[PDB]
Structure formats: C-alpha cells, structure tokens
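Listed below are the residues making up each chain.
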Amino acid sequence: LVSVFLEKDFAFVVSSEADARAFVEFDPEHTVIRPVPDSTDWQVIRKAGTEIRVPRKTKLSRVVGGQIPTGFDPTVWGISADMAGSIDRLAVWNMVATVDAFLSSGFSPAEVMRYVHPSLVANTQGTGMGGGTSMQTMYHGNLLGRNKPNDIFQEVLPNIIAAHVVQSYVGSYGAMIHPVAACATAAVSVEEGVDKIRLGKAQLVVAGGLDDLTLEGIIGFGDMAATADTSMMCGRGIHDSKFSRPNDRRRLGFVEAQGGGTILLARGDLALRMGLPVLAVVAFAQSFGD
Amino acid sequence: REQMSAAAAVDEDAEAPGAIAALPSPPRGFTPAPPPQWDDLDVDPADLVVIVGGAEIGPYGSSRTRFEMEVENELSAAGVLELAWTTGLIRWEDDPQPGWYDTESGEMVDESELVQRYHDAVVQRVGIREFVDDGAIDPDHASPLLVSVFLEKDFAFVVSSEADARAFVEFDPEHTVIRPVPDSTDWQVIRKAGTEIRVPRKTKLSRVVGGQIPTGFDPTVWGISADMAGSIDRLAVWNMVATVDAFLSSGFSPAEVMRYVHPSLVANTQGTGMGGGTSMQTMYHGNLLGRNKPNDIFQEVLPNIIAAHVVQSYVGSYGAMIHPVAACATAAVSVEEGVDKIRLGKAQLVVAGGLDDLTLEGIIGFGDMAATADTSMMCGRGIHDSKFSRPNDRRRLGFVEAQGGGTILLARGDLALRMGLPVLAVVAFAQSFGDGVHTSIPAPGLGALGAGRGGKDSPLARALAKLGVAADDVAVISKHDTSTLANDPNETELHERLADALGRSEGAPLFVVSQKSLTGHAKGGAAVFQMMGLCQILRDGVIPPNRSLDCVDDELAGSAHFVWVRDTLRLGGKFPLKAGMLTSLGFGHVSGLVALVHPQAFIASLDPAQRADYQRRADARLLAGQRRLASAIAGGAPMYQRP
Amino acid sequence: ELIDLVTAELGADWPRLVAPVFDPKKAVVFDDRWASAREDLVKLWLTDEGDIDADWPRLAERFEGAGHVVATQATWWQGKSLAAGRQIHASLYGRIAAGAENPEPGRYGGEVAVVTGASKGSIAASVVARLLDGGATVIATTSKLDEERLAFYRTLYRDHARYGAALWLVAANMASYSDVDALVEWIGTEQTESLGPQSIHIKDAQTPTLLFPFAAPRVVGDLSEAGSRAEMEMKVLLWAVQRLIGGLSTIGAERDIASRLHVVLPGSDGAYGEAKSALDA
Amino acid sequence: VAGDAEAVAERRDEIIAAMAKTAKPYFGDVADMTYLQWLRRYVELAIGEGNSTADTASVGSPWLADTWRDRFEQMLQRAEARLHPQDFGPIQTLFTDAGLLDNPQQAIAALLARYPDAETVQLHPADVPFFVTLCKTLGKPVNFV
C-alpha cells in the first residue's frame, strides 16, 4: 500500500507534441501545461490532490517448497532453445514427461500408428490451472513494456499445452478432453481416459497433468493460511526437509510442490498384440462430489 | 390543389363504440409444429440419452427472448415484461396499490401500455452494442503503457513510524541519503540520479463493440441475496441464475430427483471456460491498490469451485464432478462427457454447460492477437453497430466477442419415462476430436470427419440408423461460423465431406443456421447457445434468418448442398425436420460434433399406453413451469429459496 | 473575407451542398444469385399450389441463369413433389431445372452500365431492374448509403437478377468534380484491399458501355433558395454529366480502341424547353 | 385468530370449513381458477337462485347493487381483453350494457361461444390483485370473503 500526494515540479523526457497531448488528455482539469520548444514537448504540472503510484515491493523471505531440481535444463533432452524460450514451461515439462514415458516403455507413437488408426488415439492431459507464471509474465511484460509475443494471449490457454503436444509429437486426431479440478486433474483425466476405452472411442489414451507454484500462488496460499508457515515450524524446531509430516502430531499445513507427469492407458488387445509392458491393471476409476 | 384540399382535410373519423383495450395473454401452453411420422422403434428407452432441461444467459437474456428476437425480430409482451423486470426498469410494489411501478418515476403502469412504452428502451439495452462499463470503477487502471523517467529530486513524505521508514529504506540505502524528521517521527529517503519512479499513465482505446449481458442485469431479482452477489464471483452468480432457470423452466426441483434416484447417480460437469478473469484481475488490482479483498478468494477463485458452489448450495449431488477446459468447446466436451457417463451407468442425471466472460484483459489480448473485428476497420467499411458479426459474408474481418453461456440437463430415458419429463431432444451422437500435426498455427483443423469413416459402417450413421434416421433426414446444420476469414469455407468443406461420407443423396438441401451473427462468439459457452437454438428449431419448425448477411462469399459456391437462409421460413406441416447437427471448432486443436433428433423418437420408442400418459404429465409440467415464472414475474414467492 | 465572398456570390450553404461524399471503402457488391436461387426453390415449396398458375411463366423464367447445383436441387424437389403428389410443382421444378441448365449469356452481356440517381419507385430504378434482368453489370450511384437503402437495393437484386448479373453500389455526390473524378478512377483502375499479412482482390478492372444520367438534383424547399438553386441545379445537370461522359470515355481509351461509350439522355412544355436547352450544349 | 398473521396460516383450513358452513363463504384458491369457473362462482355467490327477498335495486334486475353489476361487467371485460390473442389494439367487445348483461347466464354463455379456451386457461397471476382491489372499493360490501 502506497498513497502519497504530490504538489510539485514534474521533470520530463523528450516526447513529441502529440505524445505530450495524449499524456495530458486525462490531465487538463487538474494541471497546468507549459510548452518546451528546447525539448519539443509540453510539461504537465499537477496541483494538490494528485497522487502518484510509488511502488515499494516487500519481501517475505524463506518460503520452503518442492521445486524442480535447481538447474533443470530441458534442452539436454533434445528440446530446442527457441522452443524453450517461446513455449510455456508447463508445456516444456509436458514434452519432457511424455517423451520420457514413451521411451521408458519402449515405444514411438509411429508404432501405434502402424497398428491402429489415428482416430483411436486420444490425449486427455488436463493441465491444472494453466500458466500462472505465464499469465503474470504476460501482465508484467505489459506493464514494463517488455516485447512479449502478440499471440501469447491466444496460446496461453491450458488446452493449448497438450495441443502443442498433439500438433508436435503424437499427431493423434482423437478425443482431446482437458479437465480442471485443480487438485484432482490427473485423477479425473485418468477416469475419463478409462471410460473412453470402456466405450470404444479410443484404444490408447495419454492422460496426466501438471502444476506450478508462482509468487502469486504462494502469496495467495499464505493469505488463505492452510499451508505450512515457516516461522511457526521453525518456532517448533523442525528442519528444512521435514515440513511435510502426514499423520503426525505436529502437522500444521501442506507443503506446495511443482510438477506432475503423464501415464499411458491402453486396451488389453493392443497390449497383447504389440507386446507391451503392463505396469498395472486398472480395475476401477471414479470421481465424486460431496 | 383544389381537389387535393377537399379529400384529405375532411377525411372523417370512425371509432368503434365498444373499443376495449388489449391485455397481455395469460400463460398458455406451447404450440409446437405438427410432428413428423415414423414407425415404432425397437430401441428400449434404457438406451436413450435425452435433453430434458436447458437454459442460457447471453446478450438477449434468457433463451425465450433470445429465440423470439431471433425469429420474429421483435419481442412479445411477455418478453418485454421479462426484460423490463430483469433490467430493473420495473418493480412490483403493493403499498399504494398492487401493480407494477416504474423505477425512476414510480407510477402505476398499464398492461396495455407495456410494449408501446418499454420496447425501445429494452431494444437499446439489449443486443450487440458498444462496450458499456458496469463495474462502477475508474477505467484508467488496466492498460499497458510505457513510462521511464529518472528522478533526482526531493521526496516529500507522510507520517510513518521509524520501523516502517526503515522497512521502506531496506532496499534503498546504497542509492540514497537518509534524514530523520522528529516532527513527523519518521525518516526521509532522498534518492540520487538513476532512480526511476513508476508514473502510470493509463491509455484508452475507445469504442469496443461486444455482446454484453443486458445493461442493468440485477441477479438479485431472481432471489440471489446481496451478500451472495457481492462475495461470490459473477460467473458463479450467472451459473446459479442459469441453473435455477433450467430447473424451473422444465418444472423440477432437485428434490424430486432425490426422491426418485439416489444422490450418487446425479452428477455436475459444468466446466467453466477460463474461470474468473475478472475475478483474478480484481484480486491483483485489490492487491496493488490496497482494497480489502477477502483472504480466501485465492482459494475459491478456481474454475471448479463455481460448480462446487452450485453443488454445495443447490443440487447437493455426491456424484462425479468433472470440469473441462478447452476454452471454446467447454460446453461441447462437458456434454459429451455427460452423455458417455450416462452410457456407462455412472449417473442418470447430469448437469452440463459452461460460461464465459470478456475482460479488459480479454479484449486487449484479443486485440493484440488480431483475429477480432477492428472497430476502426469496420467503420471505415461503413457497417453499423449491430451487424459486425457477419458469417458467410464477403466483408467479414473477424469475430465479435460476447459473454454468457448456460446449462443443459441430460437424463436417461428411464428417468424421463418414470418421472414424465419434457424431452426437448434425443442425443444420438456426441464426440470430440483433435487435429494432428500442424506446426504452422494459421493452418486450421479438419479432422472432425473421423465420425464418418466407413460410410454406413460409421458410428454416426449407425447411431442415426438405430434411431431410425436415414442419411437424407439430417436437415439443419447449426454451423460454428465465427465470421472470420478462415473458419467459414473449411467448415463448409468439412460438412460437405461428412455429407458425402454418410452418403447423402445428390442435391438434398441443408439449412444453414448460424446465430453467431445474432449473439456473438461467447468462447466456451457457445455450444449451449447452439443446443438451445437447435432444440427450439426442432420444436417450432421455423428457420431463423442471417440478418447480417448481404453477399455470400464466392468460394463457398462449390458446396453442392447448403441453403443460406435470409428470411424466416415457417415450416409447418409442409416440411418436417427430423435431425440436426452441431459443430464446435474450439481454440487450439479441438473439435466437437453432436447430433440431435426430434423428441418423437423418444415418443416412438415406448409402448402406446405409456406414451399417452407420458404426454399428459410432460405437458402439465411445462405449463406449470411457465405459469410459475408468471407468478414470480407478477406477485412474489421468488425463485431460489434457500433453507 | 473569403467565406462571406462565397456567401455573397454562391450561397450560404455552398460547402455542405458541394462537399465530397465518395470513399472507395464503402462500395457494396451484390453478385450472389445461386444462394438466393436455392432459397427461392425452398419457398416455392412452401407456397401452396393454388398461387403457382398466377405466376407460372414468371416463376419458370426467374431461374434461367443459375448453376448445375440449382439444377440438381430442382430435380430433387421434382422427385419429392412427384412422391407427395403435387403435379403442378413437379412440372414447375422440371421446367426450372431445364431452364437453369442453359449456359448462354443474355441480352445485356458484358454491358457495364453506370446509372446515376436510382431511388425507390423511379425510372432509373426500373432501368436498373431491366438491366439486371438481362444480366448486365450495373454500377449505381446514390447519395447516402444506410440500412433502408441497403435493404432496398438488396431486395431489388434478389428479385430482378438473372444470368450473370452484378450490381455495384457506391455513395457519390453528383455535384462535386472531385467525386466525379474519383468515381471514374475507381471504375477505371482496380481496387485491391490489403490487410496485414495478405491482400484481397475485389474489383478486376472495368470499361463501360452504357451511361444513364438520371440524377435528381435536390429535394429541399425550406430555405428560400431559388436564386442559387436555379444555377446549382443547372450545374448538376450540365457540367456534371459532361464531366462524367468525358471521364468515362477517357478511362478505356488507349486499351480498347474502337470501343465506343453510349449515352442515353432524358428530356423531362416549359420543362421540355429546359430539357432541350440542357440538350443543345 | 384475527390480527395474528401466522395464526391465520396455522388454522387456515378450519377457517375455510367454518366459512363454508356460514352464509358468507370463501372462494376456492382464486389463483387456480379458470375464467369460466371464476365467473360462474361469482354469479353463484351473488345471484344464486334468484331467490332473494330483500331490498333489491328494482324489480326485474337480480343484482342487489349497481356496484355489483358493474363489478360483473368489469370482470367480463377483463376476461375479453385477456383471452383475446392480441396485446396492442382497441378491439370491438361484446356486452353493450343490455339485458344480455342483466341476465348473467346468457352473459357467460355468450363469452364461451366466442372463446372456447375460457374453460381451460387458468387465471393470470396479475388478475388476483385486480380482483382483490376490485372487491375492496366503496359500495355495498360484497357477499363473500
């Protein structure tokens, strides 16, 4: 909170006469205008009652969290630098997780396209919130004048993460459903993938989800106050790596982390016909209200 | 001159001696078209998903007034009364005398004078029009602008504490001089050269045209309390309004549903599109300006929490809540997930839908993206305010954004038969799709034709043949048609490919309906507009016109099947409509098909005694719903009573 | 000094009587006939069989210049009319298909005409209707272009159009030499609009053949204006139309020699004497 | 009961039974009545059998009061103006102040002959306060509650 009122001189910069006029369009009932031909502009000078925003930015230090490993370079996987620069980092992480899943179970999507038609492969990766860091990056670039791309408002959307995954990697024409429940997105994406396979609408579904903590995220969760207060836990004398203590007497809220991933559901007929490593058998998947 | 002066001046006046006034008619039942004729179906009504309810909120308000202005270009007396009630022009009071009173002047209005005194006001307040602010705040807070000035001078200050002054100068002390003032009991920072201060000038791009909610929309007149409207986000407010509208238009309460089925068989899949853009910018502007925002709005700002408010307040269902985001097909994917949950057996009544909102951030970002209608370009071309949205036209240059959406109510045919519910349509096919590899983003999608692989062996044709709908019986296409340069001819190509994949006979017409010219492109809540429009078309038989079309674009002329309509074709018993097809080509590589069949498929599935008793009970519930709306519009006993 | 000079010489309201109106971004093209043909095929089914014999030649001859698509849809409606048992409608749709197959260009093929001053219920409007009925390319000028007149000209086209007819509609003041020069440049060189990434082709290039100067001068009588009006209307006739014929004869000169423009003058006792005085200049 | 708003709605049905016992009864629920049912109930309460032997306005006029007969004509005219399918214009009505209005049975049967949906279409929700403030006004007090 800042609220100061200013009654004094306004030292200025070389602007045009039209830019000075467009600046003083809102001004002229609260000010005096004086032209300066040496700078080829005008000078606004505003009277009492004029407030100016004087942004002081505080610092609440020592937030403990569950970050990605420090120095995580996703280019070492193979993602190019312009891809990492332009595309949102949630979509970068999604590309990393998806290529990890396929090359850990020994696929390519090309073999899936050999054995089934491309309309029987889906992608239901419903990302949780969808670029909180990307949206605050858009607004901070808009304020500070950073040359943000003029299509990031288009491609900031949460479906567009796995739409990048489809338009780049898997190429599937199938049923893309991206759910948001913000703490069960992966669970509801898994149950919608499995009942699509129970229909027959698909035979290989890529489900999952991702998250991110922002400065806005930690500030809003600190205002909400169901997370672990660092001052309270260090008052109780608990070290850095043991704040998260479920089923314990000294628990006082959750620790936030960033990440997620993807799982690959498939029908048993494809598993038998391709010889695929079955990791588990899903017997029941279901969501509920309260 | 001398034989013109005689006849015109002495033209006699003849007034009738009876001469009684005309009053707005009491609520009588719906008059549908004479329904078509096909045989009994061997499908059991356990294997049918029907649309029972439905309501919307958009640029014309409710679906009743939106369809009336869509067809006949003017409101009825009931529509004028509803919009004047809703926009706060008219209250009901009874202290001098029971009757409707004017808001600003307070007089007993006559029912005979309602249209002739209030038609022009609601036509001004309702429609595609210029952006009018309804936030009661200053418009000089949210706009990107560049300032960089460097300040070398005196800093006049305020009475702060020594600790607050020290906490201010914590970041400062290497770029400044500190001087204590005991008269103000503080310090004073004075910063040297290189010190920049933010001097926020906020620009103004004026005259954005859009598809807003009616100006003066007061949702408290429904029954939602003022603290509810103040604390809760307005998307959730609109969702409560739309949901209570749908239930009390088809004549329910959720209590009767809880009487007839268990609460774990009722779901709610209302996936709201983005989820509080206005709410998030309100949070951040309160955080900057120091407005005392609630300390739990970061918790309950989430998009699932809108329909979680709906569940924790209104419906009380324990069932499977799935909230999808595709941001221009959220309603379509929520409808297809509701219908395949009913095809599983996980539920028997699903509340689907979705909502949207345009923000200042929304219009600024879409203007930077530049696929929307530029107001300067269109006024350079000389197009009026109400006709920017012009799909299938030669002078189209982008879409018009609108705010709204709504809800529809899916139910299984067994509940529909056992409760006697008004079936509005029969859902035969609902499906979403991706598009595949297109690294170049101006390359559009086409892969929604996977529903028609195999010809007659395709699942779309097989479902229509199960309901007894041949390939030529599909009559009306409610196209997506956002009025951009890209998505009109390729979507024409897509429906052409689906037609000759299903094996359409050569030269059978398809009525093209496109009401985005009427409403606007509400982003993720457009499929609810399309479904309410197509259900009402299949009810009444009429075909609405595209009133903002002048010249059909040239490269559409290869389409061998379409009929672009410009006047209200009133199809009574002259040409029966039996099916309809939607599309929604959403944002970022997502597509969605959904077919709809006339409710006589549901009436033809069952046995010929239960069909008579069913028609009795369903007509009774529709009539009771609209006369309950008439009781709420006149007397009181308001909707949405909270125990 | 200059404005009261013009006030004393010409008139008080001279700049608003002479002000330029023309702008090439506001030109309206009305060349859609296949779509309105399909919709008219539908509403012929909606109208009953009793009122078909009242317009049996006219309804048979409206669909003469149309497409292969309109032919096939006419055969579909013929088959459905045979199945339903509408014997008048069946022969009507057979006639419509047989007529719509025919490829030959009409009476007024390629006659790029320019008609000025075509308002509602007027001789110039009837000339525009018959030219579109022949299948010409009409360029109509008008004073102000709004919703009422736009609906009027659109219904005029969809009523009276045939084979390959096109109607272009511009807002041009017929009392301004700037507007006459801009109008002949517009009818001459093309108009290609370009947005950001790409361009849009609108108007090919046109060289006229006809010319119809039916320009009504002004309908204003609430000013006591007769002294300035009696020369301003004589301008609006004489020097406007001969500047116009000079420009339209100029624009297709060096490209197409032995291609001669053709003018039809109207002459409307004392009014006929004024008309003959307008003639013999 | 009287003077106690909640006690009215508490013992509502007992009051209805006692008033149906006495000779100044209640209606039905008037917001559920049909127009034909509404007019026939009014004529049943006021005229009844044409059996009264007390202070008539004249001989041959069964109405006991001019306020009762123009009460009845205003209900007939609102039935006309409400059931006709139009919302704007002045329309030629019936009932030009005659013996057709003096005979209530032929007055009702002349309404149902033109408008057949007067037997089915229930009462508009804004005609109930019309009927209450119509019975409230300034004449001989009415024969019901």
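As deposited, the entry is annotated with cryo-EM as its determination method and 3.3 Å as its resolution.

A.B. asks: I'd love a proper account of the overall build of chain C, names of residues and values included.
C.D. replies: Secondary structure assignment for chain C yields eleven helices and seven strands. Seen through its principal axes, chain C has C-alpha atoms that stretch 80 × 50 × 40 Å.

A.B. asks: I'd like a description of the overall build of chain B, backed by residues and values.
C.D. replies: For chain B, the count of helices and strands is 19 helices and 21 strands. For chain B, whose C-alpha radius of gyration is 28 Å, the value lies close to the compact-globule estimate of 26 Å for 643 residues. The principal-axis extents of the C-alpha atoms in chain B amount to approximately 95 × 80 × 60 Å. Long-range contacts, defined here as pairs at least 24 residues apart, represent 79% of the contacts in chain B between residues at least 6 apart. Across chain B, 55 positive and 80 negative side-chain charges occur, with their mean positions spaced 4 Å apart.

A.B. asks: Report on the sheet that holds strand β7 (residues 212–213) of chain C, specifying residues and quantitative values.
C.D. replies: All names here are of chain C. Pairing is mixed in the open sheet, where five strands are placed in the order β1-β4-β3-β2-β7. A strand with exactly one partner marks an edge of an open sheet, and here the two such strands are β1 (28–29) and β7. Looking at chain direction, β1 and strand β4 (residues 166–171) are connected through two bridges and run antiparallel. Each bridged residue has a counterpart across the sheet, and for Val29 the counterpart in β4 is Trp168.

A.B. asks: Please give an account of the pattern of salt bridges that cites residues and values.
C.D. replies: As enumerated under the stated definition, the model contains 56 salt bridges over all chains in all. Put simply, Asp127 of chain D and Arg78 of chain D hold a salt bridge, and the shortest N to O gap is 3.5 Å. In this pair, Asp127 of chain D is assigned in the loop between α6 (104–114) and α7 (128–135) and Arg78 of chain D in helix α4 (residues 66–83), connecting sequence segments 49 residues apart. One continuous salt-bridge network, built from bridges that share partners, spans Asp567 of chain B together with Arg33, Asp40, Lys43, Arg158 and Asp159 of chain C.

A.B. asks: Give a description of the environment of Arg166 of chain B that names residues and reports values.
C.D. replies: All names here are of chain B. Mapped onto the secondary structure, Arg166 falls in helix α5 (residues 162–168). The spacing of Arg166 and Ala470 is 304 residues in sequence and 81 Å in space, taken between C-alpha atoms. If we ignore the near neighbours within four places in the chain, the residues touching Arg166 are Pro173, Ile178 and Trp187. Within the structure, the side chain of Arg166 is placed 2.9 Å from the backbone oxygen of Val169, a separation counted as a polar contact.

A.B. asks: Explain the interface of chain B and chain D residue by residue, including any values.
C.D. replies: Residue-level contacts link 25 residues of chain B with 25 residues of chain D. Of the roughly 2100 Å² buried between chain B and chain D on both sides combined, carbon and sulfur atoms contribute 61%. Of all residues in chain B, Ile20, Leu23 and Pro26 of chain B give up the largest surface area on contact with chain D, accounting jointly for 29% of the area buried on that side. Between chain B and chain D we count three salt bridges in total. For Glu111 of chain B, the salt bridge identified is with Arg82 of chain D, shortest N-O distance 2.7 Å. Elements with a contribution of two residues or more to the side of chain B that touches chain D: α4 (114–125) and α19 (610–634) of chain B. Of all the elements, α19 of chain B adds the most residues to the side of chain B that touches chain D, at four residues. Looking at side-chain class alone, the side of chain B that touches chain D contains 17 nonpolar, five polar and three charged residues.

A.B. asks: Kindly report on the packing of aromatic side chains, identifying the contributing residues and their values.
C.D. replies: Any two aromatic rings considered together are summarised by their centre-to-centre distance and by the angle between their planes. Across all of its chains, the model carries 33 aromatic pairs over all chains by this definition. For the pair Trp92 of chain B and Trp100 of chain B, a centre-to-centre distance of 5.2 Å together with 80 degrees between the ring planes defines the contact as edge-to-face. Relative accessible area serves as the criterion here: at 5%, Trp100 of chain B is assigned to the buried category. Their ring planes at 75 degrees and their centres at 6.3 Å tell us that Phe157 of chain B and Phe168 of chain B sit as a pair that is edge-to-face. On the criterion of sequence distance, the pair formed by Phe157 of chain B in the loop between β6 (149–151) and α5 and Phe168 of chain B in helix α5 is long-range, its members being eleven residues apart. Overall, the relative accessible area of 36% leaves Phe157 of chain B in the partly exposed class. Chaining the aromatic ring pairs together yields one cluster made of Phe27, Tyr35, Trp38, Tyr42, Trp63, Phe72, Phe131 and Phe144 of chain D.

A.B. asks: Before we move on, can you summarise the pairing of strand β4 (residues 99–102) of chain B with the specific residues and values?
C.D. replies: Residues and elements named next belong to chain B. One ladder, built from four bridges, connects strand β3 (residues 90–93) with β4; its direction is antiparallel. Bridging across to β4, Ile90 finds its partner in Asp102. Taken together, β3 and the strand that follows it, β4, pair antiparallel across an intervening segment of five residues.

A.B. asks: Give me the lowdown on the interface of chain A and chain B, citing residues and values where you can.
C.D. replies: Opposite the 63 residues of chain A that make contact, chain B presents 68 residues. Summed over both partners, the interface of chain A with chain B comes to about 5900 Å²; 60% of that surface belongs to carbon and sulfur atoms. Across the contact surface, chain A and chain B share six salt bridges. The closest approach of N and O atoms between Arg201 of chain B and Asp27 of chain A, which form a salt bridge, is 3.5 Å. When contributions to the side of chain A that touches chain B are tallied by element, the ones reaching two or more residues are α5 (132–144), α6 (159–170), α7 (185–199) and α8 (215–224) of chain A. Looking at side-chain class alone, the side of chain A that touches chain B contains 32 nonpolar, 17 polar and 14 charged residues.

A.B. asks: A description of the arrangement of the chains should follow, citing residues and the corresponding values.
C.D. replies: With three pairs of chains in contact, the largest contact count belongs to chains A and B. Without any contact between them, chain A and chain D keep their closest C-alpha atoms 37 Å apart.

A.B. asks: Talk me through the packing of helix α3 (residues 35–46) of chain D against α4 of chain D; I want residue IDs and the actual numbers.
C.D. replies: Residue and element names in this part refer to chain D. Packing of α3 against α4 leaves a shortest axis separation of 11 Å and a crossing angle of 175 degrees. Taken together, the axes of α3 and α4 lie roughly antiparallel to each other. Listed contacts from α4 to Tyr35, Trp38, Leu39, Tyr42 and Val43 of α3 are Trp68, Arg71, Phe72, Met75, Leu76, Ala79, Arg82 and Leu83.

A.B. asks: Could you give an account of the environment of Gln258 of chain A, naming the residues involved and the relevant values?
C.D. replies: Residue and element names in this part refer to chain A. Within the secondary structure layout, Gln258 lies in the loop between α9 (230–236) and β7 (260–266). Overall, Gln258 belongs to the buried group, its relative accessible area being 14%. In this structure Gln258 touches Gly66, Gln67, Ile68, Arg89, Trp93, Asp211, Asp212 and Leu213, once residues within four positions along its chain are discounted.

A.B. asks: How would you summarise the sheet that holds strand β5 (residues 121–123) of chain A if you had to cite specific residues and measurements?
C.D. replies: All names here are of chain A. If you trace the three strands from one edge of the open sheet to the other, you get β5-β6-β7, paired in mixed fashion. Pairing within the sheet leaves two strands with one partner each, and these edge strands are β5 and β7. Put simply, the sheet's adjacent strands are angled 10 degrees from each other on average, direction ignored. Pairing analysis gives three bridges linking β5 to strand β6 (residues 204–210), with the strands arranged parallel. The residue of β6 that forms the bridge with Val121 is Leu204. Where helix α3 (residues 89–104) meets the sheet, its contacts fall on β6 and β7, and the angle it forms with β7 comes to roughly 40 degrees.

A.B. asks: If you had to explain unusual backbone geometry to someone new, which residues and values would you point to?
C.D. replies: All names here are of chain A. Notably, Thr40 is not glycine yet its phi reads approximately 55 degrees, a positive angle. Examined against the element boundaries, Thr40 turns out to sit in the loop between β2 (31–36) and β3 (41–46). If you check the backbone angles, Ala182 has positive phi at about 70 degrees while not being a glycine. Mapped onto the secondary structure, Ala182 falls in the loop between α6 and α7.

A.B. asks: So, the nonpolar core: which residues are in play, and what are the values?
C.D. replies: Residue and element names in this part refer to chain B. Formed by 81 residues in total, the largest nonpolar core has its most connected members in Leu349, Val426, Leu467, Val597 and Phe602. Per-element tally for this core: the top contributor is helix α7 (residues 234–249), with ten residues. Those residues within four positions of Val426 in sequence are excluded, and the remaining contacts are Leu48, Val49, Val50, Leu467, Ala595, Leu596, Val597, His598, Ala601 and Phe602.

A.B. asks: Give a description of the side chain of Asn173 of chain C that names residues and reports values.
C.D. replies: Residue and element names in this part refer to chain C. Positionally, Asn173 belongs in the loop between β4 and α9 (177–188). By relative accessible area, which is 14% here, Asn173 ends up buried. Contacts of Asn173, omitting those with residues within four sequence positions, involve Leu17, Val18, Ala19, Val21 and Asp179.

A.B. asks: Which residues make up helix α6 (residues 87–100) of chain C, and what are the values?
C.D. replies: Residues and elements named next belong to chain C. Under the 1.5 Å per step criterion, the end-to-end length of α6 is 20 Å for 14 residues, consistent within 8% with the ideal 20 Å. Within the sequence span of α6, burial applies to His89, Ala90, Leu92, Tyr93, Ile96, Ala97, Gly99 and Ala100. Tucked into the core, α6 has its buried residues touching α3 (34–46), α4 (56–62) and α5 (68–84).

The rules we used
Residues numbered from 1 in each chain as written, not as in the entry; some residues may be left out. Chains lettered and ligands numbered in written order. Part of a larger assembly, values for the part shown. Heavy atoms only, no water. Residues with missing side-chain atoms left out of burial classes, pairs and counts. Helix = DSSP H or I, 4+ residues; strand = E, 2+ residues; numbered from the N terminus. Rg over C-alpha atoms; globule rule 2.2 N^0.38 Å. Contact = heavy atoms within 4.5 Å. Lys, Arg positive; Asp, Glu negative; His and termini not counted. Charge placed at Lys NZ, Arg CZ, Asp CG, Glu CD. Pairing = 2+ DSSP bridges. Salt bridge = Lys/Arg side-chain N within 4 Å of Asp/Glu carboxyl O. Polar contact = N/O pair within 3.5 Å; in protein donor to acceptor, adjacent residues only side chain to side chain. Buried area = accessible area lost by both parts, 1.4 Å probe. Nonpolar A, V, L, I, M, F, W, Y, C, P; charged D, E, K, R; others polar. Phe/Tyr/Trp six-rings, centres within 6.5 Å; stacked < 30°, edge-to-face > 60°. Buried < 20%, exposed > 50% of the residue type's maximum accessible area, 1.4 Å probe, protein only. Axes fitted to C-alpha atoms, helices over the stretch in contact; angles between N-to-C directions. Parallel < 35°, antiparallel > 145°, perpendicular 65-115°, else oblique. Core = buried A, V, L, I, M, F, W, Y, C linked by side-chain atoms within 4.5 Å. Expected span 1.5 Å × (residues − 1).

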